[PDB]
Structure formats: C-alpha cells, structure tokens
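quick one: experimental structure and sequence below.
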Amino acid sequence: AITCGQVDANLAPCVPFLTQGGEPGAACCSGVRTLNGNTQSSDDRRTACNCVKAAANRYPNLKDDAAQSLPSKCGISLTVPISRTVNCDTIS
C-alpha cells in the first residue's frame, strides 16, 4: 500500500508533448525530473510500479501508439525481479 505523485509531476510539464504523436524527449522527458527525485530504500522502489500505473489514467486506450512507446521514451525507475505474471496496484 504505497503511492506517489512523482509520476504525474515528472510528466506534468510534458503532458501535451507526450500525448501528441512522434518521439517527444528533446523538449522535456520524465527521466530529467526523476534525476532530482531519487529513491530512499529497496522496498520504496516498489512505489515505481504503484506510480507508473497512475499515469495510465491520463493515457487511456485512445492513444495506444503513444501508450506503447510511452515507457520507451519516458518512464519511472522501477526495481523488481522478472516473473511470468505479476500483480501490481492490486488491493484485497
């Protein structure tokens, strides 16, 4: 049960750029803002999955092209092991 506003603050100055077509990054990108907002602890890195999924509220299925290439240009610095099927942002 961890959440953050870093994700929307990272992409905030770039919202119209990122949702428009092409490869927006030379103007601004989320990784520039993550350079300032670094993580504290190993378990706090789990915030990254709980935050990268929050940005999908601004990027619905309307923009599948931008949404596929979104993490290819500008994402959140996650640190989790590789598995077959992983459950993220889930609540019981």
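Looks like it arrived, so ask away. Residues are numbered from 1 along each chain as shown.

can you show me the helices along this structure?
6-11, 15-19, 30-34, 47-52, 64-73 (DSSP state H).

including distance to residue 41 and mean neighbour count, could those go into a markdown table?
Placement of C-beta: from N, CA and C, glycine included. Converted to a markdown table, the helices of the chain look like this (distance: least, C-beta to C-beta, whole Å; neighbours: other C-beta atoms under 10 Å):
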| stretch | distance to residue 41 | mean neighbour count |
| --- | --- | --- |
| helix 6-11 | 15 | 20 |
| helix 15-19 | 29 | 16 |
| helix 30-34 | 16 | 18 |
| helix 47-52 | 10 | 20 |
| helix 64-73 | 23 | 14 |
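
would you tell me which of these gets closest to residue 87?
helix 47-52 (9.9 Å; C-beta to C-beta).

could I get the CA-only coordinates of the closest one as CSV?
What follows is helix 47-52, C-alpha atoms only, in CSV (Å, rounded to 0.1, in the frame of the first residue of the first chain):
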residue,chain,number,x,y,z
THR,A,47,6.4,2.8,-5.4
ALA,A,48,7.6,2.8,-9.1
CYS,A,49,5.0,0.2,-10.2
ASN,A,50,2.3,1.8,-8.0
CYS,A,51,3.1,5.2,-9.8
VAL,A,52,3.9,4.2,-13.4
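
wait, doesn't residue 74 sit right on residue 11?
Yes: taking contacts as C-beta atoms under 8 Å, residue 74 lies within contact range of residue 11: 6.7 Å.

mutual contacts of the two, please.
18, 30 (C-beta atoms under 8 Å, 6 or more residues apart in numbering).
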